[PDB]
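Just the one chain here, laid out as structure tokens, in the form deposited in one PDB entry.
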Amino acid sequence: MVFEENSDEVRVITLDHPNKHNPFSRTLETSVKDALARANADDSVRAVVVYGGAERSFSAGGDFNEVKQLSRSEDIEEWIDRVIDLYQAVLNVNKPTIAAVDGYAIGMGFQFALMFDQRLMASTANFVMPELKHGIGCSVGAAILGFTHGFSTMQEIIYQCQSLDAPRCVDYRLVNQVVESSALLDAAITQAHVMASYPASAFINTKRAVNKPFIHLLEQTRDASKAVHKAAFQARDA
């Protein structure tokens, strides 16, 4: 559910769900996590680009209907572990990571992108965190955005549930660059080359130090998120 390509020392991972919006099914998560782990352990790889593919979305995220229909506390927990594991997978890559966002980055797709060292988007792309509008809890998205972009920006995004176009994303500093769709993947590879040229040792050590509090935050969020659901289903199942 991904393909792996190389621009010399740059590994390009293209998401290839049968659906062109790259919804994070279990299978797609696993393929991504596995590809990232291979990139990280492959010495020939010095930087990594993740891309939804041409005329596809970065990720429409997880199925909101599926999450609302989950019948057990444990179902939602295993799902929260999946979500947090996906993001930790990205944070634990000690080489430069670049997200090339086209189409939609929704929910998990938006959170996923925030794990990358740098983000570029197409001028025609959109970021969305619409969980609350759709009756989905947004505590994971909130914790992540509040860590990455601060409290007030997080509140605005999560409570307005708007589609954030390129100019809006520039304004929020959610992305580092905006380019045309047709130029995006190349622009991302280029930035990946630039960061791959940074001496690896100093980069690895720095990124580790940088990402450590983020990783810690996500682990706290893993634990904290399960808790309200344990109590909800304890009541119902009585």
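Shifts are known only where both forms have a C-alpha. Quick note: we count residues from 1 along the sequence shown, nothing fancier. We call the rigid core the largest set of C-alpha positions that still match within 1.5 Å between the two forms.
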Comparing average C-alpha B factors as deposited, tell me which of 208-216 and 56-64 sits higher.
56-64
Quick note on 219-227 and 7-15: per-entry mean CA temperature factor is higher in 7-15
Comparing recorded Cα B-factors across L36, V175, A187, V50, which one is largest?
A187
Options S71, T153, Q118, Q88 - largest CA temperature factor per the record
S71
Grab the CA temperature factor for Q111 from the record and place it in the lowest, middle or highest third of its chain.
lowest
Going by the CA temperature factor in the PDB record, which third of the chain does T148 belong to: lowest, middle or highest?
lowest
Select lowest, middle or highest to describe the third in which the CA B-factor of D102 falls within its chain in this entry.
middle
Determine, from the deposited record, the chain-internal third of the Cα B-factor for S139: lowest, middle or highest.
lowest
Which third of the chain holds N94 when residues are ordered by C-alpha B factor: lowest, middle or highest?
middle
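Omitted from view is the form deposited in another entry, to which the following refers.
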Mobile residue between the shown form and the other one, C-alpha criterion 2 Å or more, rigid core, from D186, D43, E180, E66
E66
Did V228 shift 2 Å or more between the shown form and the other one, C-alpha, core superposed
yes
With a difference of at least 3 Å, the CA distance of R26 and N65 in the other form shows the atoms closer
Flagged pair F64/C138: C-alpha distance shifts by 3 angstroms or more in the other form. Which direction, closer or farther?
farther
What stretches, three or more residues long, have all their C-alphas moved by 2 Å or more between the shown form and the other one when the rigid core is held in place?
63-69, 227-235
